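> let me start by giving you these chains from the complex, positioned as in the assembled structure:
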Amino acid sequence: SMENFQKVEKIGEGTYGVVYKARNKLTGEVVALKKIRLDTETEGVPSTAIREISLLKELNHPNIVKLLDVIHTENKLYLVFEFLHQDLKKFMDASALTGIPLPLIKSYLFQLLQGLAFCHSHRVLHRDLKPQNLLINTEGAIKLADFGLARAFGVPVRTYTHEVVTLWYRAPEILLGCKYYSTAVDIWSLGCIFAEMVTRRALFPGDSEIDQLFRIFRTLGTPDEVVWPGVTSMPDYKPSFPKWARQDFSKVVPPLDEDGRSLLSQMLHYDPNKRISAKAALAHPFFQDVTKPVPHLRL
């Protein structure tokens, strides 16, 4: 019931609906409330809400934000989430001066991979991994949030919605119109996010689909049948694509060590089949000395 919650303030908008910070008056628990109005529907309960709730109820993991409850008021649906203090995007911006300490970048990536491997193991694609949807707390945890664009997949996959993933974090196979995409698209997003944590700027900040592809191409080289069998047969591939040489990863993210570059290269493999799985990535030498330190800044 909403009567037990005292609202503290409006946090912002999710992928769908409006988010508030609130406090459970009886237990003291601080929560985030996602309000989805049904009065403007018209079409009943939005598919995005149906998926978010059904999928999140199954996914209990320390690196996936916890859905605590779902409350139906007269004309409203309230999703009650555990509260986290900040999103990764704002944290990176705050870290403009000092940068983010390696152990923290490493801890976050390690945690993100755990969260994602759990989603994939439970047949869920997130499909919108970007720093804005990755939430951190004062204890050093980071968690996947906003499953408004997620969906349950099958083995093997069939064609799903084409318009997925925020552009900057969108995999080449989506950009090229592949009839099938799968768990690899979330790994691509995490790779972009890995790079972004190191530089604190988006790896591939396109402003259109073709601009996005060319940025990828100019960095990783224009893919051919050797690196990515089937690429020239893809629905939106064009023989006129400029052919850029691939550049050393040492130049893509100069601060990164050999282990980090190795891992990043595997997360950004053109061929979805060769691209590393979140599960396999957990055992990458990059994480041999991983710990879980608190953020270096007050949140």
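Everything's here; your move. Numbering: from 1, shown residues only, chains lettered A, B, ... in the order given.
> the most centrally placed residue in chain A and residue A:162, how far apart?
Central residue of chain A (CA atoms, centre = their mean): residue A:129, 1.5 Å from the mean position. Remark: distance between residue A:129 and residue A:162 (CB to CB, to the nearest Å) = 17 Å. Where C-beta positions appear, they are placed from N, C-alpha and C, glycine not excepted.
> and what of residue A:151?
As judged by CB to CB, residue A:151 and residue A:162 stand 13 Å apart.
> mind checking which of those two has more residues around it?
residue A:151 (16 against 10; other CB atoms under 10 Å).
> in three-state terms, label the closest residue to residue A:94 other than its chain neighbours for me.
In this structure, residue A:94 finds its nearest non-sequential neighbour in residue A:297, 5.6 Å apart by CB to CB, 6 or more residues apart in numbering. At residue A:297 the chain is in coil, as set by DSSP: H, G, I helix; E, B strand; the rest coil.
> same check, this time on residue A:8
Going by three-state DSSP: residue A:8 is strand.
> about what we covered before: which ones are touching the residue nearest to residue A:94?
Taking CB atoms under 8 Å, 6 or more residues apart in numbering as the contact definition, residue A:297 lies against A:91, A:94-95.
> do the same with residue A:159
Applying CB under 8 Å, 6+ apart, we find residue A:159 in contact with A:179-180.
> what are the phi and psi angles of it?
With angles defined as degrees, to the nearest 10, residue A:159 sits at phi -60, psi 130.
> in the helix or strand harbouring residue A:114, what counts as buried?
Assigned by DSSP states H and E, residue A:114 belongs to helix A:102-121. For helix A:102-121, the buried set under the neighbour-count rule, 16 or more other CB atoms under 10 Å, comprises A:104-120.
> ok, residue A:167 touching residue A:212?
Yes - between residue A:167 and residue A:212 there is a contact under CB atoms under 8 Å: 5.6 Å.
> who has more neighbours out of the two?
Ranked by neighbour count (other CB under 10 Å), residue A:167 and residue A:212 place residue A:212 first, with 20 against 17.
> now that one: which helix or strand?
Secondary structure (DSSP H and E) places residue A:212 in helix A:209-220.
> and the contacts of that helix?
A:167-168, A:170, A:172, A:175-176, A:203-206, A:223, A:241-242, A:244, A:246-247, A:252, A:268, A:270.
> just the ones of these in helices?
Of the contacts of helix A:209-220, the ones assigned to helices by DSSP state H are A:172, A:175, A:252.
> would you check how far apart the residue nearest to the last one when sequence neighbours are not counted and residue A:248 are?
Spelled out, that is residue A:252. Distances taken as CB to CB, 6+ apart place residue A:219 nearest to residue A:252, at 5.9 Å, with adjacent residues excluded. Per CB to CB, residue A:219 is found 11 Å from residue A:248.
> in space, what's closest to residue A:160 - neighbours in sequence excluded?
Residue A:160 sits nearest to residue A:151 (CB to CB, 6+ apart), 6.3 Å away.
> for that neighbour, what are its contacts?
A:51, A:55, A:124-125, A:127, A:160-161.
> can you slot in chain B too:
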Amino acid sequence: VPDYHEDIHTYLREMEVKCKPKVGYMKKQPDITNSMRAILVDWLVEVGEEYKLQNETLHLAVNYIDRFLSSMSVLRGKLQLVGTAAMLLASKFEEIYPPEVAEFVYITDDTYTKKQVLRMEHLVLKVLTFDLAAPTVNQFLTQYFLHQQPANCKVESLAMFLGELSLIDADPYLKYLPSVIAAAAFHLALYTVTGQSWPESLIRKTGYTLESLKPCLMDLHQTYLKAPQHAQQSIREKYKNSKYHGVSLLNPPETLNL
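Now chain B, sitting on the chains shown earlier:
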């Protein structure tokens, strides 16, 4: 070879037990019967074909209906409202482009209002506690298909066709889990088209043998033999289509040699 394929199979095996309807609910429904349910599911098949919905959507809807009826008594006049809301929810969950609500209202030939269909949607969600990601016969089939050598369209289509037939008849199919019905369906399809049997590799993956599939298989074989005489024919009509390789035109085996 899609990764997580084993993790996912294991997880679906766990979830299907948790998503299972009460096997004996129909006897506890004072005003509805197996025959009424068959008529409803056969109608949903038609709806699915009309709006070119995925088979997965159909299977999910039937799962929602059976679970709903496992806990809510329903008068016959409202059965179709339950089914309609279920198909709408399945579509929203599963389709890239679900039909609009007005379309679901329209297909009930104006038996119910948009208001009713939307309120029922809400009730269905509450009754299922929003747990909509149910394992289906379809989901297990598409996994089993990966074990063909080589892949065969007729086999795949015939398996889906048989799995779909089981949706219609609560007696006896409410008694079998999706993974088991899918097992019987895959074997039956394989044996019909190619002469082959439940492969060693699926015994390793599932723990099921022909022996453990036998009871469901005996049922499905009978359902298959009698399909042309079944009161409900929408699935047979559907599977005459070149889309499903006209597998409903295939002749069922006279014996299985169990």
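> take the contacts of residue A:159 again, chain B included.
A:179-180, B:96 (CB atoms under 8 Å, 6 or more residues apart in numbering or on different chains).
> which SS state does residue A:78 fall under?
The three-state label given to residue A:78 by three-state DSSP is strand.
> quickly list what it is bridged to.
Judged by DSSP bridges, the bridge partners of residue A:78 are residue A:35, residue A:71.
> dump the residue contacts of it.
A:2, A:33-36, A:70-72.
> for chain B, state which of those residues is nearest.
residue A:70 (6.4 Å; CB to the nearest CB).
> what about the closest one, how many residues nearby?
For residue A:70, the count of nearby residues is 20 (other CB atoms under 10 Å in any protein chain shown).
> quick check: it touching residue A:77?
Yes - Residue A:70 is within contact range of residue A:77, at 6.9 Å (criterion: CB under 8 Å).
> walk me through the domains of the chain.
All of this is about chain A. Domain assignment for chain A by curated CATH domains gives A:1-85, A:86-296.
> hmm, no, I was thinking of chain B.
When chain B is cut into domains by curated CATH domains, you get B:7-20+B:134-258, B:21-133.
> could you export these as TSV, including distance to chain A and mean neighbour count?
Formatted as TSV, the domains of chain B follow (distance: least, CB to the nearest CB, whole Å; neighbours: other CB atoms under 10 Å in any protein chain shown):
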stretch	distance to chain A	mean neighbour count
domain B:7-20+B:134-258	4	19
domain B:21-133	4	19
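> kindly reformat those domains as TSV containing distance to residue A:287.
Listed next are these as TSV, based on distance: least, CB to CB, whole Å:
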stretch	distance to residue A:287
domain B:7-20+B:134-258	20
domain B:21-133	31
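> ok, which of those comes nearest residue A:26?
Counting by CB to CB, residue A:26 lies closest to domain B:21-133 out of the domains of chain B; the figure is 22.8 Å.
> excluding chain neighbours, what is closest to the residue nearest to the centre of chain A?
Counting by CB to CB, 6 or more residues apart in numbering or on different chains, residue A:189 is the residue found nearest to residue A:129 once chain neighbours are left out, at 3.7 Å.
> sec struct for the one you found, please.
Residue A:189, by the three-state scheme (three-state DSSP), is helix.
> on that earlier part again, name the nearest of the contacts of residue A:78 relative to residue A:15.
residue A:34 (9.7 Å).
> the residue lying closest to residue A:144 once chain neighbours are set aside and chain B, how far apart?
Closest residue to residue A:144 apart from its sequence neighbours, by CB to CB, 6+ apart: residue A:115 at 4.6 Å. Applying CB to the nearest CB, to the nearest Å, the value for residue A:115 to chain B is 14 Å.
> all strands of chain A, in order?
In chain A, the segments counted as strands under DSSP state E are A:5-13, A:18-24, A:30-37, A:67-73, A:76-82, A:86-87, A:124-125, A:134-136, A:142-144, A:151-152.
> what's the angle from the fourth one to strand A:30-37?
Read that as strand A:67-73. 40 degrees (axes from the mean of the first three to the mean of the last three CA atoms, to 10 degrees).
> okay, buried residues for strand A:67-73 please.
Across strand A:67-73, burial judged by 16 or more other CB atoms under 10 Å in any protein chain shown covers A:67-68, A:70-71.
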